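Below: one protein chain in two forms, given as structure tokens, structure 1 then structure 2.
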Structure 1
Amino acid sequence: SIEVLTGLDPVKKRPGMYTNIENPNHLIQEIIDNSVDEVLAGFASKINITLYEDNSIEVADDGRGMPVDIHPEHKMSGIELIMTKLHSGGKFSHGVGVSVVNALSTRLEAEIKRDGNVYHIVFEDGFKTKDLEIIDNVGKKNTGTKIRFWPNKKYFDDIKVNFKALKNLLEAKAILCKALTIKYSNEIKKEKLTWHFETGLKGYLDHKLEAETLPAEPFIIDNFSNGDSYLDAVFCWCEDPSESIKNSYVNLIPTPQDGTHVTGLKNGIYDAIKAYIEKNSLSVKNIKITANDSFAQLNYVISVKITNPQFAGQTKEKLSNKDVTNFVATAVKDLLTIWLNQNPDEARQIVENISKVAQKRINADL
């Protein structure tokens, strides 16, 4: 509806607006986000990161490979177009685009494999400096995008990549993609890692809580969907040592301010505690349970993968997609019920505990 294309001068002259200027970690994030799009779209399964001793970063993936076709209107390869311009848009007047990286880099290189050609192009301070050419050939099914870049010292407090932060980030990302394998190679500290979580979130709560949780084997929703689309979640009840694990994600973007997906998980848990209480007549007469009680001592991680993530206001901190709320709800209800119906011992230990919670709340009302 409103598409906006500009040059890179805005970014160059307000870096703090388009990246965190402490170090290049964010620049790397932006490129991982792009690989991650291909992983979410189902075309990619690898993201490989090398940190070189010259302080450049290289991020590679086995995705479809950045487009190379000449834009009928802009007269320029897809890849050049994305690289040498800010793209933005909306309905009326991060996800800032890789051209931010290009801009704040002294040198950036891209190597693409599509259609059995290997393409190459170099840029400097965000301007093309060597034409897109075919430098090799490759099997038709050998595809991907590979970018290496030399952040430009003048923009950053420090050019040194904060290593620990990146590794944490990469671990966080793999956990949320059982289909993804992330290799990482720091040539400066001579160290390599590989993350592959075939298992998924399974174990994470066990590990991060290491207290007695209920259920003892926290509840897994493994890759539930319908094409509306994808729910992974893990949850259990526990108690304090301030061990708040309450994490939520859309398309791997942290939602520190919750929304439709979180709401959805709150409802469906309630929904199926109500339904289970009634089914077995586990009521007590002046203890009407509420949605908040079933949630009070809940520890969880919910990660949602959806086609059109609409957010709240200016930043991508809260998910506002009306209708994930009932997509997350229906699943958690049915899914949890089945477990409840099969788990007398723990299902009733859970209800009794939520009753204590509601009971204690009702008391505090004078």
Structure 2
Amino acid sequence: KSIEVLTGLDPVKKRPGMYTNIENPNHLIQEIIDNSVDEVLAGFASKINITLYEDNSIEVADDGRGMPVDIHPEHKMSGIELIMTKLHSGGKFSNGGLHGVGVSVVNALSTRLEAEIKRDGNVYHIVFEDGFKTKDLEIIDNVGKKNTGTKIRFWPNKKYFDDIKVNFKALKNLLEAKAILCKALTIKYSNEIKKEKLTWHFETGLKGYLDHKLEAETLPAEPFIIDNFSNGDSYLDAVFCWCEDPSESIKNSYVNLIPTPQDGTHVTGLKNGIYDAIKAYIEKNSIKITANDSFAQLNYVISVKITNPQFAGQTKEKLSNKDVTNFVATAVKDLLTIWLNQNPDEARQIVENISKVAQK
């Protein structure tokens, strides 16, 4: 943290398009959910509950530690006020975005935002309007010391959005995706407009996912799974297979359950680790095959969980953390190598297909 920066929310209000997808409030919902997900990945939360109200407001609630309320000695303001009313950034050297900016973006772009925090046996409540605090942080009730979490309700400001109606189908798709990638999590959704409720919880995580999305035949017939590989503090889940029917193609990547549509170091890690294992298997067992060839017919889902994710690109949709490439590549190389060794009939066919890709 060589440079640390704190500003007001005016930049967000001036160019909402640089901080959110303004077609509807779905991206704002994703931002709040990403912050509760960080509690789940830290080990402190297991439940995220989403409510869509008839007044078009959205509420997200978790059972995490509860957003901090302590008065910051310098800024003279509770943690929750500081987090909500200011844009926080920093980095190693001087240089918006759809990720890595913070929940104050949601505050900036809402007419109203309420927060209830359960922490230390206290229920705290605070209110904001248009990104400014309008009701003081106050204790409104007591709870047991172990009854904890954060609940945020917000009313997107029509001034900044094409439509303030939440896109139900896209939200359900996003929730299902997150639940698939995180067996510690149960997500509940209540749509008060449609009168529907869903609950997701995937005990088996990604198992069967590619099978469901693809068939078409794949190699391996059973897509290859990497289950909760870790090196201490970073974690990797993945599934991949080759498919010669490019009718349907799945190539999805995430960091901390956040979709990374511009890929990044985790995807590069996967590509390299795969090429490394294919190259070593060909050599250990026998044209010029490249990483592009071994990657060309691959379908995958790759999900890394890391402590301080960094985003790059103008939209901040690409994971940039440099040490991730290495972490993923070694894991993939080693685990796939073991599988190829145990599965020579399918291994041979995978090699043949790749070598056919390379021949043009």
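All residue numbers here refer to structure 1's sequence, counted from 1. What we label the rigid core is the largest C-alpha set whose atoms superpose within 1.5 Å from one form to the other.
- Candidate list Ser242, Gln342, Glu198, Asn226; rigid-part hinge between structures 1 and 2 assigned to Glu198.
- Two rigid parts move between structures 1 and 2, and the turn of the smaller against the larger, rounded to whole degrees, is 14°.
- Comparing between structures 1 and 2 on a rigid core frame, one finds that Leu205 has its C-alpha moved by 1.9 Å.
- On the core-superposed pair, the CA position of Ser320 changes by 5.1 Å between structures 1 and 2.
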